[PDB]
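Participant:
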Amino acid sequence: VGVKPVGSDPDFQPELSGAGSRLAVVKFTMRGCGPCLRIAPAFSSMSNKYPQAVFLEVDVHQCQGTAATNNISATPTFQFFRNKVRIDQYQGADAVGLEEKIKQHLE
């Protein structure tokens with residue numbers, strides 16, 4: 002359970018489809034990245050805290066096409082999807098701001 006890793010680009014849409022109509026929060030990450038590391042535990046706790054939404058993790062180098070088509074310019078970057086459509090975005094390791102926007106979507 003928890004934060005689900007997307008191992009390569011073709012596995013990404015399946016994940017977006019498999020979220021059904023649930024909110025999907027995708028954390029775009031990469032290796033040797035301090036803020037990425039700082040936020041990781043919190044993100045994992047958020048998924049524990051919100052089992053009604055789906056939490057995913059994409060490494061921008063394992064999933065280049067996904068990073069590029071989502072116009073990812075820095076990490077960590079969180080994208081928000083509902084029914085496979087990107088509806089929001091949040092950059093950074095400020096966990097408070099992140100959970101506040103997740104809550105605003107769980108509306």
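Here the sequence shown is numbered in the UniProt record's numbering, starting from 2 and rising by one per residue.
We treat Cβ as the ideally placed atom computed from N, Cα and C, and that holds for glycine.
Near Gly98, which residues of its chain fall below 8 Å by C-beta distance, leaving aside the five closest residues on each side in sequence?
Facilitator: Excluding residues within five positions, the ones whose Cβ falls inside 8 Å are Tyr91.
Participant: Suppose contacts are defined by Cβ-Cβ distances below 8 Å. Is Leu24 in contact with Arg87 by that definition?
Facilitator: No.
Participant: Mark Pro77 as exposed unless 16 or more other C-beta atoms lie within 10 angstroms of its C-beta, in which case mark it buried.
Facilitator: Buried, since its Cβ has 16 or more Cβ neighbours within 10 Å.
Participant: Tell me the start and end of each unbroken beta strand (DSSP E) in the segment 6-82 that is at least 3 residues and wholly inside, in chain order.
Facilitator: Counting whole runs of 3 or more residues, the segment 6-82 contains the beta strand (DSSP E) stretches 25-30 and 55-60.
Participant: Could you work out which residue in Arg39, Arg32 and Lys85 is closest to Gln63 when comparing CA atoms only?
Facilitator: Per the Cα distances, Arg32.
Participant: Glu16 to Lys85, Cα distance in whole Å?
Facilitator: The alpha-carbon atoms of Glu16 and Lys85 are separated by roughly 9 Å.
Participant: Have a look at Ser18 and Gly66 and give me their C-alpha separation to the nearest angstrom.
Facilitator: C-alpha separation (whole angstroms): 17 Å.
Participant: Just confirm the distance between the C-beta atoms of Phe56 and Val7, as a whole number of angstroms; I'd bet it's less than 8 Å.
Facilitator: Wrong, their Cβ atoms sit about 11 Å apart, outside the cutoff.
Participant: Measure the CB-CB distance between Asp89 and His106 and report whether it falls below 8 Å.
Facilitator: Yes, they are a contact pair.
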